[PDB]
file run-v4.cif (mmCIF, C-alpha atoms)
data_start
loop_
_atom_site.label_atom_id
_atom_site.label_comp_id
_atom_site.auth_asym_id
_atom_site.auth_seq_id
_atom_site.Cartn_x
_atom_site.Cartn_y
_atom_site.Cartn_z
CA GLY A 1 -1.80 -5.00 -8.75
CA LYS A 2 -3.29 -1.59 -7.70
CA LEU A 3 -2.17 0.80 -4.89
CA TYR A 4 -4.36 2.94 -2.54
CA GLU A 5 -2.98 6.28 -1.29
CA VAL A 6 -3.65 6.55 2.50
CA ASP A 7 -3.31 9.77 4.58
CA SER A 8 -5.99 9.22 7.35
CA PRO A 9 -6.87 6.32 9.77
CA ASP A 10 -10.55 6.33 8.68
CA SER A 11 -9.54 5.59 5.03
CA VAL A 12 -7.91 2.33 6.31
CA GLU A 13 -11.43 1.22 7.43
CA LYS A 14 -13.02 2.26 4.06
CA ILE A 15 -10.35 0.22 2.16
CA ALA A 16 -10.71 -2.69 4.67
CA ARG A 17 -14.51 -2.70 3.91
CA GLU A 18 -13.69 -2.67 0.12
CA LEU A 19 -11.11 -5.55 0.36
CA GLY A 20 -13.32 -7.65 2.77
CA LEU A 21 -10.92 -7.54 5.80
CA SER A 22 -11.50 -9.11 9.25
CA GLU A 23 -11.57 -6.96 12.46
CA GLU A 24 -8.03 -8.09 13.49
CA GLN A 25 -6.67 -7.25 9.97
CA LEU A 26 -8.28 -3.76 10.20
CA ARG A 27 -6.89 -3.20 13.77
CA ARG A 28 -3.40 -4.33 12.52
CA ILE A 29 -3.22 -1.70 9.72
CA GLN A 30 -4.53 1.07 12.03
CA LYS A 31 -1.76 0.12 14.56
CA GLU A 32 0.90 0.18 11.78
CA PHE A 33 -0.55 3.56 10.56
CA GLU A 34 -0.20 5.25 14.00
CA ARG A 35 3.30 3.69 14.52
CA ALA A 36 4.31 5.01 11.05
CA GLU A 37 3.10 8.53 12.10
CA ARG A 38 4.78 8.31 15.60
CA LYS A 39 8.18 7.14 14.19
CA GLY A 40 8.09 9.44 11.07
CA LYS A 41 8.38 6.48 8.56
CA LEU A 42 6.41 5.24 5.49
CA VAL A 43 4.72 1.77 5.63
CA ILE A 44 3.63 -0.48 2.73
CA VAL A 45 0.72 -2.95 3.14
CA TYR A 46 -0.29 -5.81 0.82
CA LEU A 47 -3.48 -7.91 0.37
CA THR A 48 -2.91 -11.38 -1.22
CA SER A 49 -5.30 -13.38 -3.49
CA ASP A 50 -5.88 -15.58 -0.34
CA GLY A 51 -6.99 -12.45 1.66
CA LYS A 52 -3.83 -12.43 3.89
CA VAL A 53 -2.32 -9.04 4.98
CA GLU A 54 1.47 -8.34 4.95
CA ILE A 55 3.46 -5.27 6.23
CA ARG A 56 6.82 -3.62 5.20
CA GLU A 57 8.62 -0.45 6.51
CA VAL A 58 11.03 1.90 4.56
CA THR A 59 13.97 4.23 5.39
CA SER A 60 14.19 5.83 1.87
CA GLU A 61 12.17 6.05 -1.41
CA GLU A 62 14.80 3.88 -3.24
CA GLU A 63 13.85 1.02 -0.84
CA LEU A 64 10.15 1.93 -1.47
CA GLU A 65 10.85 1.62 -5.26
CA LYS A 66 12.52 -1.83 -4.76
CA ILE A 67 9.55 -3.09 -2.67
CA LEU A 68 6.98 -1.80 -5.24
CA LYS A 69 9.05 -3.63 -7.96
CA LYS A 70 8.92 -6.83 -5.76
CA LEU A 71 5.12 -6.49 -5.16
CA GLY A 72 4.39 -6.30 -8.96
CA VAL A 73 2.68 -2.86 -9.19
CA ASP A 74 2.69 -0.97 -12.55
CA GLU A 75 5.64 1.43 -13.23
CA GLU A 76 3.19 4.41 -13.46
CA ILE A 77 2.23 3.75 -9.80
CA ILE A 78 5.90 3.63 -8.64
CA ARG A 79 6.78 7.06 -10.18
CA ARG A 80 3.33 8.62 -9.40
CA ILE A 81 3.17 7.55 -5.73
CA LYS A 82 6.82 8.81 -5.40
CA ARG A 83 5.47 12.37 -6.19
CA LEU A 84 2.89 12.01 -3.34
CA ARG A 85 5.84 10.92 -1.08
CA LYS A 86 7.87 14.05 -2.18
CA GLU A 87 4.88 16.25 -1.17
CA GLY A 88 4.69 14.21 2.12
CA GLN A 89 0.89 13.69 1.71
CA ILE A 90 0.71 9.88 2.27
CA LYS A 91 1.52 8.11 5.59
CA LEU A 92 0.69 4.57 4.38
CA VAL A 93 0.18 2.67 1.08
CA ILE A 94 -2.16 -0.34 0.62
CA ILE A 95 -1.71 -2.74 -2.37
CA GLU A 96 -4.03 -5.40 -3.92
CA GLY A 97 -2.50 -8.60 -5.44
CA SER A 98 -5.94 -10.16 -6.33
CA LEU A 99 -6.45 -7.88 -9.41
CA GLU A 100 -5.13 -10.22 -12.17
CA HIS A 101 -6.31 -9.62 -15.81
CA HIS A 102 -5.47 -10.86 -19.37
CA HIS A 103 -4.15 -8.88 -22.39
CA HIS A 104 -2.72 -10.47 -25.61
CA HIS A 105 -1.58 -9.61 -29.21
CA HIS A 106 -0.88 -11.50 -32.52
#

call {"tool": "encode", "arguments": {"input": "run-v4.cif", "output": "structure tokens"}}
result
Amino acid sequence: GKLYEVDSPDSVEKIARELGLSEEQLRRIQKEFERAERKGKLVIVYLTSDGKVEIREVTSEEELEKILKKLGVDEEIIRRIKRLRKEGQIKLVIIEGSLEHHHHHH
């Protein structure tokens, strides 16, 4: 699954339009985004293959790492997004679980 780096509330609407979200699912993530900014915390958001939205909060980047490991993102994303967290650039992360592909060898 892929991860989207979110720093602004308008980008939530651009990603909601890309993922095919409903108005209540958009309004949810924008409410979690302002509550993340108000409380000084990072929030993780997931889109399922069924088009459901799910939310998780973190205290520390070691919890963030354990959640990204649970959500099945690539290890590049876990270490790379951690550098954006160290620079404090991202207020919210959005993740897509519908992005399944095949790769095989002899």

call {"tool": "closest_residue", "arguments": {"input": "run-v4.cif", "among": "A:65, A:59, A:40, A:15", "to": "residue 80 (chain A)", "atoms": "only C-alpha atoms"}}
result
A:65

call {"tool": "closest_residue", "arguments": {"input": "run-v4.cif", "among": "A:56, A:85, A:66, A:105", "to": "residue 32 (chain A)", "atoms": "all atoms listed in the file"}}
result
A:56

call {"tool": "resolve_selection", "arguments": {"input": "run-v4.cif", "expression": "the PyMOL selection byres ((chain A and resi 4) around 7)", "output": "list in words"}}
result
residues 2, 3, 5, 6, 93, 94 and 95 of chain A

call {"tool": "closest_residue", "arguments": {"input": "run-v4.cif", "among": "A:42, A:55, A:21, A:26", "to": "residue 88 (chain A)", "atoms": "all atoms listed in the file"}}
result
A:42

call {"tool": "residues_around", "arguments": {"input": "run-v4.cif", "residues": "residue 54 (chain A)", "least_positions_apart": "4", "cutoff": "7 Å", "atoms": "all atoms listed in the file", "output": "PDB file with C-alpha atoms, in the frame of the given file"}}
result
ATOM      1  CA  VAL A  45       0.720  -2.950   3.140  1.00  0.00           C
ATOM      2  CA  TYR A  46      -0.290  -5.810   0.820  1.00  0.00           C
ATOM      3  CA  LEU A  47      -3.480  -7.910   0.370  1.00  0.00           C
TER       4      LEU A  47
END
